[PDB]
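Have a look at the structure below before the remarks.
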Amino acid sequence: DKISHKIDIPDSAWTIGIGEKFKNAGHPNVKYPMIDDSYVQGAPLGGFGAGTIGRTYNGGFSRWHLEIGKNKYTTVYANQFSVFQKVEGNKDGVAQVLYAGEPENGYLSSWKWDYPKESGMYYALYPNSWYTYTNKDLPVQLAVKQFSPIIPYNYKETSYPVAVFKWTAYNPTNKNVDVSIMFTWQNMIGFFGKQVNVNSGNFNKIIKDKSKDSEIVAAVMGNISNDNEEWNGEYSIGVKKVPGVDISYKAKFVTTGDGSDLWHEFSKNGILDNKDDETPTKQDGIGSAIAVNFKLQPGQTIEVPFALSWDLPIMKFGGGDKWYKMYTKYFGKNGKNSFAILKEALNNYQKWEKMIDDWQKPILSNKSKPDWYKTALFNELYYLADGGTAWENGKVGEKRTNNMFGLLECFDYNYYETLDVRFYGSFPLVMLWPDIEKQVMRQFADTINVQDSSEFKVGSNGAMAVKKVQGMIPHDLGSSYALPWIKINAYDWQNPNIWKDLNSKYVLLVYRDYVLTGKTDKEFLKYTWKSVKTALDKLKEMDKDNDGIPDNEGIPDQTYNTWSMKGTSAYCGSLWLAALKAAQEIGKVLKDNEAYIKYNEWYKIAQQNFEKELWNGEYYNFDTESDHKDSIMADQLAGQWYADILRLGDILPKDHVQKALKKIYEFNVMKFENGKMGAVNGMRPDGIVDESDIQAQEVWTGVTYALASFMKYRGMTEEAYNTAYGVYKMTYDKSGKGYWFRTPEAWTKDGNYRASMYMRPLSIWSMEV
Ligand SMILES: O=[N+]([O-])c1ccc(O[C@@H]2O[C@H](CO)[C@@H](O)[C@H](O)[C@H]2F)c([N+](=O)[O-])c1
Ligand SMILES: O=[N+]([O-])c1ccc(O[C@@H]2O[C@H](CO)[C@@H](O)[C@H](O)[C@H]2F)c([N+](=O)[O-])c1
Ligand SMILES: [Ca+2]
Numbered sequence: 031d032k033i034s035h036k037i038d039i040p041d042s043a044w045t046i047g048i049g050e051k052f053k054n055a056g057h058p059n060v061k062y063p064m065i066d067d068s069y070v071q072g073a074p075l076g077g078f079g080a081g082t083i084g085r086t087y088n089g090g091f092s093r094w095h096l097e098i099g100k101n102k103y104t105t106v107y108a109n110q111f112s113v114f115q116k117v118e119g120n121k122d123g124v125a126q127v128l129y130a131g132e133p134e135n136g137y138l139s140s141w142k143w144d145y146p147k148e149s150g151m152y153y154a155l156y157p158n159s160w161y162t163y164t165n166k167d168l169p170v171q172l173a174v175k176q177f178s179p180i181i182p183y184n185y186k187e188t189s190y191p192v193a194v195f196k197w198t199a200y201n202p203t204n205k206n207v208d209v210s211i212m213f214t215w216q217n218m219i220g221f222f223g224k225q226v227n228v229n230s231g232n233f234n235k236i237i238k239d240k241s242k243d244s245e246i247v248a249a250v251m252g253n254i255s256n257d258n259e260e261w262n263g264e265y266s267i268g269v270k271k272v273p274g275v276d277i278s279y280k281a282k283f284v285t286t287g288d289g290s291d292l293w294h295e296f297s298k299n300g301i302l303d304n305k306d307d308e309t310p311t312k313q314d315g316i317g318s319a320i321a322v323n324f325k326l327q328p329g330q331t332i333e334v335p336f337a338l339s340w341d342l343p344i345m346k347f348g349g350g351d352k353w354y355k356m357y358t359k360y361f362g363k364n365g366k367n368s369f370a371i372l373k374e375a376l377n378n379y380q381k382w383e384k385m386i387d388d389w390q391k392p393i394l395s396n397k398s399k400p401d402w403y404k405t406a407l408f409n410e411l412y413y414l415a416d417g418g419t420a421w422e423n424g425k426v427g428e431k432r433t434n435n436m437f438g439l440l441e442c443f444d445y446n447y448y449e450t451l452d453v454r455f456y457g458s459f460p461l462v463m464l465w466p467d468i469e470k471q472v473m474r475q476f477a478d479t480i481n482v483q484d485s486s487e488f489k490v491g492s493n494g495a496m497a498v499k500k501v502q503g504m505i506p507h508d509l510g511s512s513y514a515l516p517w518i519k520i521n522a523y524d525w526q527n528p529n530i531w532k533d534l535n536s537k538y539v540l541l542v543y544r545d546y547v548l549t550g551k552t553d554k555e556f557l558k559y560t561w562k563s564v565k566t567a568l569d570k571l572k573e574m575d576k577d578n579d580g581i582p583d584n585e586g587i588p589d590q591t592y593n594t595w596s597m598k599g600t601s602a603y604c605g606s607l608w609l610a611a612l613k614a615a616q617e618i619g620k621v622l623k624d625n626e627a628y629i630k631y632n633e634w635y636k637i638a639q640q641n642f643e644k645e646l647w648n649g650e651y652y653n654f655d656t657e658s659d660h661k662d663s664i665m666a667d668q669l670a671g672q673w674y675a676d677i678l679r680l681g682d683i684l685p686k687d688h689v690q691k692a693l694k695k696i697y698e699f700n701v702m703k704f705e706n707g708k709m710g711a712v713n714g715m716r717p718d719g720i721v722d723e724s725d726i727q728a729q730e731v732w733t734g735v736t737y738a739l740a741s742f743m744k745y746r747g748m749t750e751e752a753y754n755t756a757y758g759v760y761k762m763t764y765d766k767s768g769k770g771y772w773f774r775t776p777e778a779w780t781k782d783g784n785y786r787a788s789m790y791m792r793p794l795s796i797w798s799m800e801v
């Protein structure tokens, strides 16, 4: 490896060998069908709300999130980079697709597949990833840096459906070598959203944009239809000329054939035919190719940028609604703008690289933090783009000031903005994209007094319930299978209108968003204040026994949706206490004296009773009425965790909080698989895991990262990082279970998982507060 020195990969990048087999991989541990796309994954490309594309460490474009809200894992084999090399003096060169695999059927059989093992590495530090190619049959060593411009405090480039591929080529040998790099791409119009004739009308055109000191050559892969539908739009690939390189292209090769129309050209001398052909296809799949060819002298380096864009302006959800995607604000809505997007990327990628470096640098440069922590911190952010992210710029045929936003819980449970989970998962948004965060919270505020008396069948018990009760915060803002932002509470397995954590978490999120954006946004507090008061007042009505605390009902009525709490729980009770303290503080800011007094009174009573009912001398009991009420819950003091972040002070005594956290580390971490796998949710006082429900026996990745942040704030530095390390290890390390770029909600002691690609572990960003 002589190419790594010519590029700048951070030491904290996650690494794996190209073509590496992973032996230890985990699988779903539930009885029902669950997504398992394997460990062959990578950092995604694509902006927020753009649709994303997962290019794996093997080189394939395989995890397709272009249909917003859907996860489709299939390798589109025509989508590749390939290389040709010929040493000056040899009669023949060699050509190789840079993919560690081959197609399953006979399409593209002419291409040179099966990039060999032990011949290159993949690196990732989201939003960047890299591949290096160090192959005994490729005298010129190559690397590529690939990324999309995901930039904190930037709502423009961050939305773009674009990727850059910045290639570096170096000749360490003593002979001249002719080199070509070729990008192939299938015209994927009709890959989704088209019910018949999936390739019909697809056609490819070549754009040559020549001006002074700029030449861009691109293929635009579109359809003859000017219809405005979810399926229609354009893909583009292309390259920017640099000194010493020539560009060639092929506008149309058949992807549903043996590929030799293209490959006979590329494998000869790495130069394509420059054949334009705008003939639309009927049944055949078609694709385009863009190549560069150059001669490298001994010791010479060259850099050349390629790019990929996709202009698919309309997202459709299963309930029938069609919306424009965010990026259309910047490029238009007609679906004929892929070249414009590509050109912007090819002309500005160096600036974008520096913007990414500028935001990553303060963390990367902090030599007090271990590299493993940085690996997880940055790479967990993959989910902000890969979580079915929806970000609208108008309903098709409808303009508003704001752009509604939603992130999925996960794909197995297809619910946008599950608030009980976003309590943990939304940290990166408040810290790095606060205008999105505040928009989402205003969406929730607007739902508070919505009443929908239509009934639904509650899946767990068969009872009928009102869809949405006035004064109750919704569990979620809909499903991609139905009507995001329009039909809320798509979750129907239980009734969200009786949950005991939604209303408190809502208030805590509101106050969090004020505090972590500088305690200056009074307008945000004003917008949300009525909903905050309503939320707390409604929750107070669920106190059955007049102890001042809402009662859990002995069935699941909070985020641990199969683990029943009864009476006063540490979890919901502590959240309630913190939410009351937050509302007091908002009351002071807004000069609402009567609210301040009321919530102060409720707080003092509830605090006294919480302590009496639950403090046992060592920790806070799980609850007051369950069979295993004395279990040690990892998340028992979630309200105090948020109170620390919100600078609300001690809601419980410092000594008792310290004792409880030490107990949790000693038991839930250190007595669970030697503290190498995170914090198990429930442990009995005898040091055996609580077996009352599956969720008690699970480590929740997002709960564990949040607990690590709580320990860190309380000065338990070693315990904090040791706790978080188990989650990092399981996700990323060779000794783990292979969950990189698909961090699950949970695993059990065997390492097997539930719900890959999960919102909650974004909570690792609470460790940066
Ligand atoms: O000059 N050539 O080497 C060559 C070879 C195959 C060619 O055509 C190829 O034929 C294969 C066998 O029917 C099909 O599977 C491919 O789809 C087609 F590209 C072409 N061509 O039509 O461009 C040229
Ligand atoms: O998920 N959301 O973004 C969202 C927002 C407002 C929503 O609700 C809307 O709220 C407005 C302001 O409170 C009211 O004027 C409308 O009557 C109501 F439809 C809903 N919803 O009714 O399901 C959902
Ligand atoms: Ca009570």
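According to the deposited numbering, the residues represented by the sequence shown are 31 to 428, 431 to 801, in order.
Backbone N, C-alpha and C define an ideal beta-carbon position, used for all residues, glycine too.
A straight line joining the alpha-carbon of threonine 164 with that of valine 113 spans about 12 Å.
Between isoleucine 393 and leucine 372, the beta carbon gap of about 31 Å keeps them out of contact (Cβ cut-off 8 Å).
Per the CB criterion, closer than 5 Å to any heavy atom of ligand 3, the qualifying residues run in chain order as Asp575, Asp577, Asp579, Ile581 and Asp583.
Relative to the non-hydrogen atoms of ligand 2, the Cβ of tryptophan 402 never comes closer than 8 Å to any of them. With respect to the 9 Å criterion, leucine 680 and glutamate 617 are classified as neighbours on the basis of their beta carbons. Secondary structure note for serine 368: its alpha helix (DSSP H) is the uninterrupted segment 368-394. Around ligand 1, the residues selected by a Cβ distance under 7 Å to any of its heavy atoms are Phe283, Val284, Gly287, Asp288, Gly289, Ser290, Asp291 and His294, following chain order. Minimum Cα-Cα distance from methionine 709 among the listed residues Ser230, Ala740 and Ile219 corresponds to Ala740. At a cut-off of 8 Å, the beta-carbon of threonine 433 does not count as near ligand 2: no heavy atom of the ligand is closer than that. Pairing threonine 775 with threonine 763 gives a Cβ-Cβ distance under 9 Å.
Any heavy atom of ligand 2 counts here; residues with a Cβ closer than 7 Å to one of them, in chain order, are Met436, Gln475, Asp478, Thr479, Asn481, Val482, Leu509, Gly510, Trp517, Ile518, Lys519 and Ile520.
At least 9 Å separates the beta-carbon of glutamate 449 from that of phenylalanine 488.
By DSSP's assignment, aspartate 276 forms a beta bridge with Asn323.
In the same chain as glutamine 330, and ignoring 5 residues on each side of it, the C-beta atoms closer than 8 Å to its own belong to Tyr200 and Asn201, in chain order.
Around the beta carbon of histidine 95, a 10 Å sphere encloses 16 or more other beta carbons of the protein chains shown; the residue is thus reported as buried. In this chain, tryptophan 608 is not harboured by any beta strand (DSSP E); it is covered by the alpha helix (DSSP H) spanning 602-621. DSSP places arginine 85 in the uninterrupted beta strand (DSSP E) bounded by 82-85.
For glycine 300, there is no enclosing alpha helix (DSSP H), as DSSP marks it with neither H nor E.
In this structure, the beta-carbon distance from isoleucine 320 to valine 247 falls below 9 Å. Among the bridge pairs identified by DSSP, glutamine 110 is matched with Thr214. Between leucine 622 and the set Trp561, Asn653, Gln590 and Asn632, the nearest pair of CA atoms involves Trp561. Here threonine 549 carries a coil assignment [DSSP, helix/strand/coil]. The alpha helix (DSSP H) runs lying completely inside the region 499-532 and spanning 4 residues or more number zero. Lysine 686 carries a helical assignment under DSSP once its states are collapsed to helix, strand and coil.
Per DSSP, the unbroken beta strand (DSSP E) holding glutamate 487 starts and ends at 484-489. The region 322-341 makes contact with the region 205-219, as at least three CB pairs between them are under 8 Å.
Between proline 328 and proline 273, the alpha-carbon positions lie close to 17 Å from each other. Contact check for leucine 138 against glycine 289 passes: the beta carbons are separated by less than 9 Å. The three-state reading of DSSP puts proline 335 in strand, counting E and B together. Counting C-beta atoms within 10 angstroms of its own C-beta, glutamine 313 has fewer than 16 neighbours from the protein chains shown and is therefore classed as exposed. Take the alpha-carbon of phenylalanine 91 and the one of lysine 121: they are about 33 Å apart. Between the region 219-228 and the region 176-191 there are fewer than three inter-stretch CB-CB distances shorter than 8 Å, so the stretches are not counted as touching.
Note on geometry: alpha-carbon atoms of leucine 75 and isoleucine 301 lie some 28 Å from one another. Taking a C-beta distance under 9 Å as the contact criterion, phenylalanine 336 and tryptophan 797 do not qualify as a contact pair. Annotated as distal: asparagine 184 and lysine 270, with beta-carbon spacing of 9 Å or more.
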